[PDB]
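The structure appears below as C-alpha cells.
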Amino acid sequence: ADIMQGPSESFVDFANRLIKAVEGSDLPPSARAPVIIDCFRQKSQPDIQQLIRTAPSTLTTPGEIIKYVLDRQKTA
Amino acid sequence: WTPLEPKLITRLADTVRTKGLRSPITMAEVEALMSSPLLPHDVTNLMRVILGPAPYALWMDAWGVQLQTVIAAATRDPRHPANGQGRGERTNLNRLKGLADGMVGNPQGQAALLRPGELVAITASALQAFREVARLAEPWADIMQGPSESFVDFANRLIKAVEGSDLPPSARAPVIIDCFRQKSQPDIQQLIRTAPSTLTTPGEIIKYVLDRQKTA
Amino acid sequence: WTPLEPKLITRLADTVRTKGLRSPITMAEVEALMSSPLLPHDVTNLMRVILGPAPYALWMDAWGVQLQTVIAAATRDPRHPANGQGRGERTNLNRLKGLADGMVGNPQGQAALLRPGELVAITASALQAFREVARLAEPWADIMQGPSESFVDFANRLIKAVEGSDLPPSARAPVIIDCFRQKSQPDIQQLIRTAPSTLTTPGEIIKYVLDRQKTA
Amino acid sequence: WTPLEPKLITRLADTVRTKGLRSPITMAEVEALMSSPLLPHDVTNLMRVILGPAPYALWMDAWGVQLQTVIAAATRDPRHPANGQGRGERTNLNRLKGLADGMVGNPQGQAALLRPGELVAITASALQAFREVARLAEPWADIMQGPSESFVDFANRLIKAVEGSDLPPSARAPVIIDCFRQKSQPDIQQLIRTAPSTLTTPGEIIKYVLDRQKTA
C-alpha cells in the first residue's frame, strides 16, 4: 500500500514491483487481483490514471490493464 | 391502494437533502419506507419527490436495467413468483414498469392486476437501483493519518473509505489491518509492530492502540 | 362527506409558501392530499387556501379548460366512467364544477349525487390544472454549466428546463444530447467527444461522464 | 472516353479557391461538372486537381466509405443497376474504384468494361463524399441575430447551421422554430410572441415576420 509509480519510472517496472509486493504479502489468494487493479487505478501517476479511467472497455484483469496501458501509453 | 404519508415522504426528502444519498441513515430510512411491497406508481412518485432531476434520470436508467435482468432470470425459470405455470402468465416489462394495459397512470388498476411476487421483485429492483445511483452520484489507498490528527478519526475515515468501495466483502478486514500497519504515522506504526499479542481484527488493533497511545 | 384536516392544509399551505409551487416536494405533497377522490367543494376550497389570489384565478381558468376537454372526450365516448349508458346520465359541466342543481354550496348533496368516475375525473383535471399553473407562474437554450457547478446539477437543470418547455415529446432527447455536447464546459465537452462508444441517450451520456469525470 | 475540358476544370478550381468548398455556387458548379456519368479516372483526377492534398485524402476516405455502403446495398439486392442477374456480374469494389483487371491507369479500358449503372453509382457516391468533406473541412445553439443584421440573413444562417448538423431529420423544424423564438433580438421576439395566429412552421414564421417587421 506504499508503492507509487515514480515520476521517471516506466510502467512495466512499476507493475513488476507492485505485483511482486502484493503476491509476496499476507493477503489471501482471492484478494490479490482486485487489489492489484485498484492499485493500478489509484497509484500510477495521473497521466496513466486518466488513461485507465477513460477506457472505452471495462478492464477486469491486471494483464488486460497492462496490455491496454502498454498500447496507448505516451511514448517518451 | 393506500398512498404513503406525505409527512414521511417529506421527512425522508429532507433526510436525503441534509445527509445525502449514501449515508447509512439514509439507506436505513429508505429500507424503512421500502418495507411493504410498493406498486410501480408508489416507487416512481417516491423517487420523483426525494431525488433531484439528474439522480432521478440515473435512477430510471438503473431501475430499467435491473428489471431487465429480472425479466431475463424470469424467462430463464418458469417458476418465478411473478410468473405463472402456463405461458399466458409470463410477465412483460410493460407490466413491471406499470406501462401495461389498464395500469398507465391508474394506481387502483395497478394494484388490481399486479401479483405480490411482481410487487416484491419491483421493490427489490428499485432498491438495488437506488444503491447503484447513490454509489454513482457523489480513495482508500491514499488515506494517511495526518501529523495532528487523532487515531479514532483516522480509523473512522479509513473504515468508511474501505467499506464504501469496490472491494469484495471478504477483503475489507485484511486491507483495513494492513492499512493500519503501513499508514498511521510511524509512532503508531511502531506501537502496532511491537505488539506482544497478535492482533487479527481491526477492532482489536483499535482497542490496543487506544490503550497504549501516547497521551498528548 | 368528511373534510380534510385543517392541520394538513395548513402544513401544505406553508410548504407552498416556503418551497414554491414547482418544487418536487410540493408536487409530492399535493399528490398526497390528492389521494382520495375529492368533491368539487374540497378541491375548490383547498386551492382557495393554499394558492394566492392571482394563482387561484389562473387555476380556476386552467381547471375549467381541462374539464371542458374532459367533457369533449365524454361526448366523444358514451363509455366514460362519469357518463352512463342512456342519454339521461350525460354529465354537464354544471355537475362537474359543482354548479348543478342540489349541489351549489352544499358538499353533502354534492357527495350524494356525484359518481366515483366523476370524482376521479374532477381530481385528475384539478391536478393537471395545478401543474399548468405552477409551470406558468414563476429557457433551455440559455443553460450553461457554471465553472464551479457539478455535472449532475447541470443535467438536472437542463432536463427540467427541456421537459418543461414547448418542445414536442419526440424532440426532447436529441435536444438534451446536443445540449450536453455543446454546453457543459470544454473539459466535459472533450470528455464526451472522445467517447470510444457512441452515446445515443441522455442516461448513457450521464453514466459515461460520471464514470470518467475528473474528481475535484 | 472523352476527357473533361481543362478550361472548365481550371475555372472550377479557381471557384473552389476563392469561394471555398461549401458555398452553394461551388456545389452548383460541381453538380454541373457532375452531369454526365464519369469514370473513376475522371472523378479521381478532378478531385486531385480541384482539392488540396488534405481535403483530397479526406475525400478518398469518404468516397471509399460511400462506395462500401453501395456495395453492401448491392449484395442486399441482386437487382442493382450495377449488378447482373447471375452471380458472375456481381460488382466488386476493385471494379468500382477502378482497381480491377484491365482498368488500372487505363481510362479507355475502364469505359469499355464499366456499366452505366456502375458509372451513375460511382458518380452519386463521389458527390455525397464531396458533400461530407466540404461539411467537414472548414454551432446552431450559439447563433444570435446581430443588432444590425437583417432577419432573412439570420434565418439563412440558422437554417444552414441546423440542417448541416448532427440532429435527426425529424428534430430540425421544432429546433428552428424555438431558435427563432428565443434568439432573434427582443423586437422580433415580441413580434413572434404576439402572433394572433399559431405559427407551426419556419416558413410561416418567416412570412409573418417579413410582413410585420419594423421597416428600418
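Residues are named by chain letter and number: chains run A, B, ... in the order of the C-alpha cells, numbers start at 1 in each chain, and ligands are numbered from 1 in the order shown.
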
task: Can you check the Cα RMSD once chain B has been least-squares fitted onto chain D over every paired atom, in order?
output: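 RMSD over all C-alpha atoms: 1.7 Å.
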
Can you tell me, as a list in words, what residues are no more than 9 Å from residue 43 of chain A when counting only C-alpha atoms, ignoring any on the same chain fewer than 6 positions away?
residues 3, 4, 5 and 49 of chain A; 141 and 142 of chain B

Margin query: Can you tell me which residues surround residue 64 of chain D at a distance of at most 9 Å, considering only C-alpha atoms, apart from same-chain residues fewer than 5 positions away, and format the answer as a PyMOL selection string?
Written below: chain D and resi 59+69+93+97+125-126+129

Could you turn the residues from that selection into a file that holds N, CA, C and O atoms, as a PDB file, in the first residue's frame?
```
ATOM      1  N   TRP D  59     -11.387  13.128 -48.927  1.00  0.00           N
ATOM      2  CA  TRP D  59     -12.363  12.755 -49.937  1.00  0.00           C
ATOM      3  C   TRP D  59     -12.168  11.319 -50.390  1.00  0.00           C
ATOM      4  O   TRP D  59     -13.142  10.617 -50.662  1.00  0.00           O
ATOM      5  N   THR D  69     -20.819   1.312 -48.651  1.00  0.00           N
ATOM      6  CA  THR D  69     -22.255   1.266 -48.379  1.00  0.00           C
ATOM      7  C   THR D  69     -23.029   0.850 -49.624  1.00  0.00           C
ATOM      8  O   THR D  69     -23.989   0.070 -49.544  1.00  0.00           O
ATOM      9  N   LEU D  93     -15.518  -3.991 -55.313  1.00  0.00           N
ATOM     10  CA  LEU D  93     -15.009  -2.642 -55.095  1.00  0.00           C
ATOM     11  C   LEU D  93     -13.795  -2.345 -55.969  1.00  0.00           C
ATOM     12  O   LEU D  93     -13.518  -1.177 -56.252  1.00  0.00           O
ATOM     13  N   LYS D  97     -13.801   1.273 -57.752  1.00  0.00           N
ATOM     14  CA  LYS D  97     -12.700   2.212 -57.592  1.00  0.00           C
ATOM     15  C   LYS D  97     -11.756   2.223 -58.784  1.00  0.00           C
ATOM     16  O   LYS D  97     -10.755   2.945 -58.753  1.00  0.00           O
ATOM     17  N   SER D 125     -21.941   8.446 -55.441  1.00  0.00           N
ATOM     18  CA  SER D 125     -21.086   8.226 -54.284  1.00  0.00           C
ATOM     19  C   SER D 125     -20.060   9.341 -54.147  1.00  0.00           C
ATOM     20  O   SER D 125     -19.834   9.865 -53.051  1.00  0.00           O
ATOM     21  N   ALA D 126     -19.432   9.721 -55.260  1.00  0.00           N
ATOM     22  CA  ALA D 126     -18.435  10.782 -55.221  1.00  0.00           C
ATOM     23  C   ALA D 126     -19.061  12.113 -54.827  1.00  0.00           C
ATOM     24  O   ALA D 126     -18.449  12.902 -54.101  1.00  0.00           O
ATOM     25  N   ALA D 129     -19.671  12.040 -51.103  1.00  0.00           N
ATOM     26  CA  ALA D 129     -18.396  12.161 -50.404  1.00  0.00           C
ATOM     27  C   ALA D 129     -17.885  13.594 -50.435  1.00  0.00           C
ATOM     28  O   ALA D 129     -17.346  14.093 -49.439  1.00  0.00           O
TER      29      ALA D 129
END
```

Per-residue nearest contacts of chain A to chain C (8 Å; only C-alpha atoms) as JSON lines:
```
{"residue": "A:53", "atom": "CA", "partner": "C:212", "partner_atom": "CA", "distance": 5.7}
{"residue": "A:54", "atom": "CA", "partner": "C:212", "partner_atom": "CA", "distance": 5.8}
{"residue": "A:56", "atom": "CA", "partner": "C:196", "partner_atom": "CA", "distance": 5.4}
```

| request: Show me which bits of chain C are within 9 Å of chain D, counting only C-alpha atoms, as a VMD selection string. | output: chain C and resid 139 141 to 142 166 to 168 170 to 172 174 to 175 178 to 179 182

Keeping only C-alpha atoms, write the selected residues to a file as an mmCIF file, in the first residue's frame.
```cif
data_model
loop_
_atom_site.group_PDB
_atom_site.id
_atom_site.type_symbol
_atom_site.label_atom_id
_atom_site.label_comp_id
_atom_site.auth_asym_id
_atom_site.auth_seq_id
_atom_site.Cartn_x
_atom_site.Cartn_y
_atom_site.Cartn_z
ATOM 1 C CA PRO C 139 -35.136 28.957 -21.203
ATOM 2 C CA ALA C 141 -31.152 27.231 -24.914
ATOM 3 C CA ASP C 142 -29.626 29.647 -22.371
ATOM 4 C CA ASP C 166 -42.892 23.879 -25.546
ATOM 5 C CA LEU C 167 -40.967 21.228 -27.486
ATOM 6 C CA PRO C 168 -42.735 18.153 -28.860
ATOM 7 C CA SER C 170 -40.197 13.381 -29.698
ATOM 8 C CA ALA C 171 -37.651 16.233 -29.774
ATOM 9 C CA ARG C 172 -36.502 16.287 -26.148
ATOM 10 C CA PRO C 174 -31.914 14.819 -29.210
ATOM 11 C CA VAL C 175 -32.011 18.351 -27.812
ATOM 12 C CA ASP C 178 -26.876 18.109 -28.267
ATOM 13 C CA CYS C 179 -27.037 20.476 -25.290
ATOM 14 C CA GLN C 182 -22.217 21.968 -26.738
#
```

Would you list the contacts of residue 29 of chain D as a VMD selection string, taking every protein, DNA or RNA residue within 12 Å and counting only C-alpha atoms, but skipping same-chain residues closer than 6 positions in sequence? chain D and resid 8 to 9 11 to 16 19 to 23 35 50 127

Residues of segment 38-201 of chain C classed as alpha helix (DSSP H) by DSSP on the backbone are to be reported as an MDAnalysis selection string.
chainID C and resid 40:50 53:75 93:96 107:113 116:137 151:163 172:182 186:193

### Query
Do you know which residues are at most 12 Å from residue 54 of chain D counting only C-alpha atoms, after dropping those on the same chain fewer than 6 positions away, and could you put them as a PyMOL selection string?
chain D and resi 47-48+60-61+133-134+136-138

Shell around residue 39 of chain B at 8 Å using only C-alpha atoms, local window under 4 positions removed, as a ChimeraX atom specification
/B:43,107,110-111,119,122

Could you take the residues named above and write them with C-alpha atoms, as a JSON list (two decimals), in the first residue's frame?
```
[["chain", "number", "residue", "atom", "x", "y", "z"],
["B", 43, "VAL", "CA", -41.88, 3.89, -6.08],
["B", 107, "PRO", "CA", -52.73, 3.02, -9.24],
["B", 110, "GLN", "CA", -52.26, -1.36, -10.99],
["B", 111, "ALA", "CA", -52.89, -2.83, -7.54],
["B", 119, "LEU", "CA", -44.51, -6.26, -6.31],
["B", 122, "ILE", "CA", -40.17, -4.48, -8.48]]
```

>> Given only C-alpha atoms as the basis, pick out the residue of C:37, C:147, C:202, C:86 nearest to residue 120 of chain C.
In response: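 That would be C:37, the residue with the smallest distance to residue 120 of chain C.
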
- Can you tell me how far atom CA of residue 176 of chain D sits from atom CA of residue 154 of chain C, in Å to one decimal?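 One can read the atom CA of residue 176 of chain D to atom CA of residue 154 of chain C distance as 23.8 Å.
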
For residue 7 of chain B, the closest of B:145, B:109, B:95, B:33 counting only C-alpha atoms is B:33

Using only C-alpha atoms, the best pick from D:113, D:49, D:124, D:70 as closest to residue 31 of chain D would be D:124
